[PDB]
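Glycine gets a Cβ as well: all are built from the backbone with ideal geometry, and neighbour counts include every protein chain shown. Every number here is computed from the coordinates shown, using simple stated rules; none is lab data.
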Amino acid sequence: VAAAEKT
Amino acid sequence: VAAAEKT
Amino acid sequence: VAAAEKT
Amino acid sequence: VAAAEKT
Amino acid sequence: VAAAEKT
Amino acid sequence: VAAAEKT
Amino acid sequence: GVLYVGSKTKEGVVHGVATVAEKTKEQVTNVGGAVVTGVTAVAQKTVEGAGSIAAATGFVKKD
Amino acid sequence: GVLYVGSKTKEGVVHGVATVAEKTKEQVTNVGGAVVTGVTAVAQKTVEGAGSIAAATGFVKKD
Amino acid sequence: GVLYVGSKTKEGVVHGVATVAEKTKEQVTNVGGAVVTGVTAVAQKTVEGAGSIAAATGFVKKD
Amino acid sequence: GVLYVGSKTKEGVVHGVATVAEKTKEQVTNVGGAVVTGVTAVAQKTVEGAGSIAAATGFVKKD
Amino acid sequence: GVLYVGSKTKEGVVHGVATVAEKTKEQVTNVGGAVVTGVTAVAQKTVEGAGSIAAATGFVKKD
Amino acid sequence: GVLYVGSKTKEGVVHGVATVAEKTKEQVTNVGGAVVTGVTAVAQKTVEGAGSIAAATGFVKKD
Amino acid sequence: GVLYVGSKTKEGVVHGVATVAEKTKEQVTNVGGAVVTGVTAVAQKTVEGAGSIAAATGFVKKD
Amino acid sequence: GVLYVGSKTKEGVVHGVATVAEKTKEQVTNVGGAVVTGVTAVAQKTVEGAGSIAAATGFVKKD
Amino acid sequence: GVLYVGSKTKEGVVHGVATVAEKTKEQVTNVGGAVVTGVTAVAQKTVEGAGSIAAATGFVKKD
Amino acid sequence: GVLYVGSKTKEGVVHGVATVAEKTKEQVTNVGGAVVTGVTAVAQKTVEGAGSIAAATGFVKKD
Amino acid sequence: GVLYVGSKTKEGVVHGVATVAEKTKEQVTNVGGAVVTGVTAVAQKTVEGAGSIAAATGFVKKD
Amino acid sequence: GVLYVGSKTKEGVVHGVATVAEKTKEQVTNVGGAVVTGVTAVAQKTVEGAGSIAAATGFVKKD
Amino acid sequence: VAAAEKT
Amino acid sequence: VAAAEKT
Amino acid sequence: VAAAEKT
Amino acid sequence: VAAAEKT
Amino acid sequence: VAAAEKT
Amino acid sequence: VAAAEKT
């Protein structure tokens with residue numbers, strides 16, 4: 001599981 | 001599982 | 001499973 | 001599990 | 001488990 | 001477990 | 001009399017390569033796969049085994 | 001009389017490489033995978049085994 | 001009489017490499033994977049074993 | 001009479017490398033993986049064993 | 001008569017490397033993984049064992 | 001007559017390296033992992049054992 | 001309001017040049033004259049005067 | 001309002017040139033004259049004066 | 001308001017040049033003249049005067 | 001308001017030059033003249049005067 | 001308000017030069033003349049006077 | 001308000017130079033003339049006077 | 001005057 | 001005057 | 001006057 | 001006057 | 001006057 | 001006057 005949001 | 005959103 | 005949305 | 005948000 | 005937020 | 005926030 | 005066996009060969013050689021790459025902006029975005037870029041001026045020899053340059057496999061699943 | 005076996009060879013050789021790269025902005029974003037960049041002027045030999053340069057595999061799953 | 005076996009060879013050699021890299025901004029972001037960058041002027045030899053340069057695997061899962 | 005076996009070889013050699021890198025800003029961000037950068041002017045030989053340069057594995061999980 | 005076995009070789013050698021790196025700002029941020037940077041002018045030989053340069057593994061988990 | 005075995009070799013040698021590094025600001029931040037920087041002009045030989053230069057492992061968990 | 005006079009110009013600029021010259025044998029023989037060779041990657045500006053690059057005059061005689 | 005006079009120009013610029021010259025044997029023989037060779041990637045600007053690149057004159061005689 | 005006169009210019013600039021010269025044998029023989037070789041990566045500006053790079057005059061005679 | 005006169009310029013600048021020269025044998029033979037070799041990475045500015053780089057004159061005779 | 005005259009300029013600057021020269025044999029033989037070799041990474045400014053780099057004159061005769 | 005005259009300039013500067021010179025044999029033989037060799041990493045400024053680097057004159061004769 | 005014989 | 005013989 | 005003979 | 005013989 | 005014999 | 005014999 002991986003996540004990488006740019007906001 | 002992977003995710004990578006740019007918002 | 002992979003996802004890659006640009007918004 | 002990893003996470004890396006830029007806000 | 002890892003986390004790395006820049007805000 | 002690791003955490004590394006820049007605020 | 002002289003015998004040459006497998007001799008004076010060149011096998012897997014690169015020479016005399018000039019390269020210029022002006023690129024204002026490069027972006028790689030990779031999710032869950034493999035990406036290979038820019039492999040330049042590479043030379044290889046194998047004996048008795050498989051040999052790969054810049055090969056990519058997105059994933060291997062064998063459940 | 002002279003015998004040469006496997007001799008005077010060049011095997012896996014790189015020479016005389018000039019490279020310039022002006023790049024104002026490089027970005028790599030990698031999630032859960034593999035990225036390989038910029039592999040330049042590489043030389044290899046193997047004997048009795050597989051040889052890989054710039055190979056990438058995104059994941060191996062064998063549950 | 002002279003015998004040469006496996007002699008005077010060049011095997012896995014790099015020489016005479018000039019490189020310039022002007023890059024105003026480099027960013028690598030890696031989550032949960034492998035990233036390899038910039039491998040330059042590398043030479044290897046192996047005997048009786050697999051040899052890898054700049055190889056990347058994102059993960060290996062064998063639960 | 002002379003015998004040469006495995007002699008006068010060059011095996012895994014690098015010489016004569018000039019490199020310049022002007023980079024105004026480098027950033028590496030790594031979460032939970034492996035990053036390898038800048039590997040320059042490297043030479044190796046192995047015998048009877050696997051040999052890796054700049055190899056990266058993001059993780060190994062075997063629960 | 002003369003016998004040379006395994007003699008006069010060069011094996012794993014680096015010489016004549018010039019390098020310049022102007023970098024206004026370097027940042028590494030590492031969380032829970034491995035980062036390798038800047039490995040320069042490295043030479044190695046092994047016999048009867050695996051040899052690694054600049055290898056990185058993010059973690060090994062075997063619960 | 002003369003016998004040379006394993007003799008006059010160079011094995012794992014570095015010489016003639018010039019390096020300059022102008023860096024206005026270096027920062028390393030490491031949480032819970034491994035970071036390796038700046039490994040320069042290193043030479044090694046091993047016999048009968050594995051040899052690692054600049055290897056990094058983020059952690060090893062075997063509960 | 002803004003005025004730019006003679007501004008933001010590029011005037012006599014060279015950048016991003018890669019050149020390789022493998023030449024097994026160069027000979028110059030000069031008797032009583034001028035020889036110019038190899039002028040590479042040269043940039044000049046003059047103001048209020050004649051400008052010459054790689055100019056050759058074999059002799060000037062004004063008895 | 002903005003006025004640009006003579007601004008943002010490029011005047012005498014060269015960029016992005018890659019050149020390779022393999023020449024087994026070069027010979028120059030000069031007797032009593034001028035020879036110019038190899039002028040590569042040259043850029044110039046002049047103001048208020050004559051500009052010459054790679055000009056050659058064998059002799060000037062004005063007795 | 002802002003005025004720029006002669007400002008932000010580049011005038012006589014060279015950057016990002018990689019050059020390699022493998023030459024097994026160079027010979028210069030000069031009798032009674034001028035020889036110029038190898039002028040590389042040169043940048044100049046003059047004001048109010050003649051400017052010359054790699055200029056050769058075999059002789060000046062004014063008896 | 002701001003005034004820039006002759007400001008923020010670059011005038012006679014060289015940066016980021018990598019050069020390699022492998023030359024097995026150099027010979028210069030000079031009799032009664034001038035020889036100039038190898039001028040590399042040179043930058044100059046002059047004001048109110050003539051400026052020369054790598055200029056050669058074989059002789060000046062004014063009896 | 002701000003005035004800049006002749007300010008923030010770069011005038012005659014060299015930076016970031018890497019050079020390697022492997023030369024098995026150099027010979028200079030000079031009889032009665034001038035020889036200039038190897039001028040590398042030189043920067044100059046003059047004001048109100050002529051400026052010369054690597055200039056050579058074989059002789060000046062004015063009897 | 002601020003006035004800058006001739007300020008914040010760089011004028012005749014060299015920095016960040018790496019040089020390596022492997023030369024098995026250097027010979028200079030000079031009879032009756034001038035020889036200049038090896039001038040490296042030199043910076044100069046003059047005001048109100050002629051400035052010379054690596055200038056050679058074989059002789060001056062004025063009987 | 002100039003001359004250049006190869007013999 | 002110049003001369004350059006190869007013999 | 002200049003000369004350059006090979007003999 | 002200059003000379004450069006090979007003999 | 002100059003001479004430079006190689007023999 | 002100069003001379004430079006190699007023999």
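Residues considered: Q:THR46, Q:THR24. Of these, the only one that is over 30 Å from R:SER7 (Cβ atoms) and facing chain R (nearest Cβ under 7 Å) is Q:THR24. Those residues that are surrounded by fewer than 24 Cβ atoms within 10 Å (Cβ to Cβ) and in contact with a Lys or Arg (Cβ under 8 Å, 6 or more places away or on another chain), I need them from segment Q:49-63; list them, please. Those that are surrounded by fewer than 24 Cβ atoms within 10 Å (Cβ to Cβ) and in contact with a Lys or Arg (Cβ under 8 Å, 6 or more places away or on another chain): Q:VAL60, Q:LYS61, Q:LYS62, Q:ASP63. Of all the residues in segment O:4-20, those that are farther than 13 Å from N:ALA41 by Cα, free of Cβ contacts under 8 Å to residues at least 24 places away in the same chain and among the small types (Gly, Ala, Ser) number 2. Of the strands (runs of 3 or more DSSP E) that lie entirely inside chain J, those containing 2 or more residues that are more than 12 Å from the chain's Cα centre (by Cα) span J:2-5, J:10-31, J:34-37. Within segment M:9-29, can one find any residue that is β-branched (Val, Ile, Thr) and closer than 19 Å to P:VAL35 by Cβ? Scanning segment M:9-29 turns up at least one residue that is β-branched (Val, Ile, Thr) and closer than 19 Å to P:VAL35 by Cβ.
Of the set (1) farther than 22 Å from I:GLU26 by Cα; (2) out of contact with any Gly (no Cβ under 7 Å at 6 or more places or on another chain), all apply to K:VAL2 but (2). Could you look through segment P:1-21, keep only residues that are out of contact with any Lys or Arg (no Cβ under 7 Å at 6 or more places or on another chain) and of a type in the set (A, V, I, L, M, F, W, C), and pick out the one that is nearest to R:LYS10 (Cα to Cα)? For segment P:1-21, the residue satisfying everything is P:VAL14.
When you look at R:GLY58, is it under 27 Å from X:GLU5 (Cβ atoms), at the interface with chain Q (Cβ under 7 Å from one of its Cβ atoms) and not acidic (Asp, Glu), yes or no? Yes. If I filter segment J:17-30 for residues that are touching a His at 6+ places or on another chain (Cβ under 9 Å) and among the aliphatic types (A, V, I, L, M), do I get at least one hit? Looking through segment J:17-30, at least one residue is touching a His at 6+ places or on another chain (Cβ under 9 Å) and among the aliphatic types (A, V, I, L, M). Being out of contact with any helix residue (DSSP H, G or I) (no Cβ under 8 Å at 6 or more places or on another chain), among the hydroxyl-bearing types (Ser, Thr, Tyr) and surrounded by fewer than 24 Cβ atoms within 10 Å (Cβ to Cβ) holds for only one residue in O:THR19, O:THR24, O:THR46, O:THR37, and it is O:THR24.
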